[PDB]
Amino acid sequence: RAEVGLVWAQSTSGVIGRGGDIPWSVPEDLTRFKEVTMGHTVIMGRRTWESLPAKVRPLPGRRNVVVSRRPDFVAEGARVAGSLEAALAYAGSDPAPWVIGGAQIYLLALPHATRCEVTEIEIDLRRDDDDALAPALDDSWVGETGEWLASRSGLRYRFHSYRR
Ligand SMILES: NC(=O)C1=CN([C@@H]2O[C@H](COP(=O)(O)OP(=O)(O)OC[C@H]3O[C@@H](n4cnc5c(N)ncnc54)[C@H](OP(=O)(O)O)[C@@H]3O)[C@@H](O)[C@H]2O)C=CC1
Ligand SMILES: CCOc1ccc(OCC)c(NCc2cnc3nc(N)nc(N)c3c2C)c1
């Protein structure tokens, strides 16, 4: 009944995070992310929660769920869950909960997911051993890809939407 989605931005090289942060600024991607997730449950790993800017934590108008192995973790204004299955239970009757990162939580959620919304960013980031990486999609997914677009930031980006 519920369609579980994943939403992320990556470099063409597959990087989603570096130094505990996102290593670009593409406002158009932030706009997309906001539009995808407004009004829905958003599920995220503990590190992603801690990486959010304090002026958007918890994310407004969304039910925030934070996944940790530590049931005692305190996340003000969010629900803490000990597994993806527990996180999805907190979504309740939300028809389209979203998993919003990071690398570890995407891999946990991927086998439950039926939708992925991906932003690809043309930025010269050579992937390093400590980088947080995007999940790889297999042949079960079918996608449509939008045109490359020029950002007001100067970078080129494009949107992909995958379903199965
Ligand atoms: N470009 C993008 O679209 C986005 C990028 N980011 C970036 O990604 C990075 C964060 O990713 P990552 O470091 O992988 O961290 P995650 O956000 O995936 O958080 C990982 C944490 O999740 C919990 N966890 C992992 N596996 C399990 C499990 N099996 N059961 C219960 N809890 C589990 C643990 O919390 P605990 O240690 O408390 O037990 C672990 O430390 C940052 O750089 C961030 O900026 C984040 C979101 C989107
Ligand atoms: C509702 C506002 O959300 C955010 C605002 C600003 C932010 O950082 C500023 C440096 C945010 N950071 C996390 C974040 C940023 N961009 C993203 N882009 C995409 N496409 N998907 C995400 N999951 C995703 C996430 C989780 C999220």
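The first residue of the sequence shown is numbered 1, and numbering continues consecutively from there. In listed order, ligands and their atoms are each counted from 1.
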Report the part of [X] (side chain from C-beta onward, or backbone N, CA, C, O) that has a heavy atom under 4.0 Å from ligand 2; answer both or neither where that applies.
| X | value |
| --- | --- |
| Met38 | neither |
| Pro53 | side chain |
| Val118 | neither |
| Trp8 | backbone |
| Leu30 | side chain |
| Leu52 | side chain |
| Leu59 | side chain |

Nearest neighbour in protein (non-hydrogen) for [atom]:
| atom | value |
| --- | --- |
| atom 10 (C) of ligand 1 | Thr48 OG1, 3.6 Å |
| atom 9 (C) of ligand 1 | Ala132 CB, 3.9 Å |
| atom 24 (N) of ligand 1 | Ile105 CD1, 3.8 Å |
| atom 20 (C) of ligand 1 | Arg47 NH1, 3.2 Å |
| atom 37 (O) of ligand 1 | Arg46 NH2, 2.8 Å |
| atom 40 (C) of ligand 1 | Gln104 NE2, 3.6 Å |
| atom 26 (N) of ligand 1 | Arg69 NH2, 3.5 Å |
| atom 7 (C) of ligand 1 | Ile16 O, 3.9 Å |

Does [X] reach ligand 1 with a nitrogen or oxygen that is under 3.5 Å from one of the ligand's nitrogen or oxygen atoms?
| X | answer |
| --- | --- |
| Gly102 | yes |
| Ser83 | no |
| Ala9 | yes |
| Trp24 | no |

Numbering the atoms of ligand 2 from 1, which are under 4.0 Å from a heavy atom of [X]?
| X | result |
| --- | --- |
| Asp29 | 16 (N), 17 (C), 18 (N), 19 (C), 20 (N) |
| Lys34 | 1 (C), 2 (C) |
| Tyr106 | 23 (N) |

Presence of salt bridge, [Y] and [X], under 4.0 angstrom:
| X | Y | value |
| --- | --- | --- |
| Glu50 | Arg46 | yes |
| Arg164 | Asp139 | no |
| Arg158 | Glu147 | no |

Between [atom1] on residue [X] and [atom2] on residue [Y], distance to nearest 0.5 Å:
| X | Y | atom1 | atom2 | answer |
| --- | --- | --- | --- | --- |
| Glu117 | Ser161 | CD | OG | 3.5 Å |
| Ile100 | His40 | CD1 | NE2 | 13.0 Å |
| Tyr106 | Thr48 | OH | OG1 | 7.0 Å |
| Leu52 | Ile22 | CG | CD1 | 8.5 Å |
| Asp131 | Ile16 | CG | CD1 | 10.0 Å |
| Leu149 | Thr119 | CG | OG1 | 10.5 Å |

Which of the atoms of ligand 1 are close to [X], meaning less than 4.0 Å from one of its heavy atoms?
| X | answer |
| --- | --- |
| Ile100 | 47 (C), 48 (C) |
| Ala103 | 11 (O), 12 (P), 14 (O), 18 (O) |
| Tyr106 | 3 (O), 48 (C) |
| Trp8 | 3 (O) |
| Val67 | 22 (O), 23 (C), 31 (C), 32 (N), 35 (O) |

Proximity to ligand 1 by part of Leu84, non-hydrogen separation under 4.0 Å: neither

One residue to check: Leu108. Relative to ligand 1, which of side chain, backbone, both or neither has a non-hydrogen atom less than 4.0 Å away?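 Side chain only.
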
Just to verify, what does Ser83 make a side-chain hydrogen bond (donor to acceptor under 3.5 Å, both in side chains) with, not counting sequence neighbours?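 side-chain hydrogen bond (donor to acceptor under 3.5 Å, both in side chains) list for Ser83, sorted by chain: empty.
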
Applying side-chain hydrogen bond (donor to acceptor under 3.5 Å, both in side chains), can you list everything that pairs with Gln10, at least two apart in sequence or on another chain?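 side-chain hydrogen bond (donor to acceptor under 3.5 Å, both in side chains) check on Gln10 returns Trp8.
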
Is it true that a side-chain atom of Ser11 and a backbone atom of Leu125 form a donor plus acceptor pair closer than 3.5 Å? no

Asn64 side chain vs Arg62 backbone, donor-acceptor pair below 3.5 Å: yes

Just going by heavy-atom distances, which of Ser51, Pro23, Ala109, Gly19 is nearest to atom 44 (C) of ligand 1? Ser51

Identity of the nearest option to atom 38 (O) of ligand 1, non-hydrogen atoms only, from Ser11, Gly20, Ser68, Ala81: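 The option holding the nearest heavy atom is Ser68.
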
Please say yes or no: joined through hydrophobic side-chain contacts below 4.5 Å, possibly via intermediate residues, are [X] and [Y] part of one cluster?
| X | Y | answer |
| --- | --- | --- |
| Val56 | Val7 | yes |
| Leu107 | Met44 | no |
| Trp148 | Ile123 | no |

Under 3.5 Å between some N or O of ligand 2 and some N or O of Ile100?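 Between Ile100 and ligand 2, an N or O pair is found under 3.5 Å apart.
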
Sub-3.5 Å N/O-N/O distance, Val7 and ligand 2: yes

With a cutoff of 4.0 Å, is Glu117 in contact with ligand 2, counting heavy atoms of the residue only?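 No.
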
Testing the 3.5 Å rule here: is there a donor-acceptor pair between the side chains of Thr12 and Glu120?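 Not at all, the side chains of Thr12 and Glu120 share no donor-acceptor pair under 3.5 Å.
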
Hydrogens and angles aside, do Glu28 and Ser151 bring a side-chain donor and acceptor to less than 3.5 Å of each other?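 Present: a donor and an acceptor within the cut-off.
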
Quick one: does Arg70 get within less than 4.0 Å of ligand 1, heavy atoms only? yes

Taking the six-membered ring of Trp141 as reference, does the cationic atom of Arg163 (NZ for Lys, CZ for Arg) lie under 6.0 Å from its centre and within 45° of its axis?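 Cation-pi check for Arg163 and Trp141: fails.
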
Think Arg32 forms a cation-pi with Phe159, using NZ or CZ under 6.0 Å from the six-ring centre and within 45 degrees of its axis?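 Yes - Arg32 lies over the ring of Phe159, closer than 6.0 Å to its centre and within 45° of its axis.
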
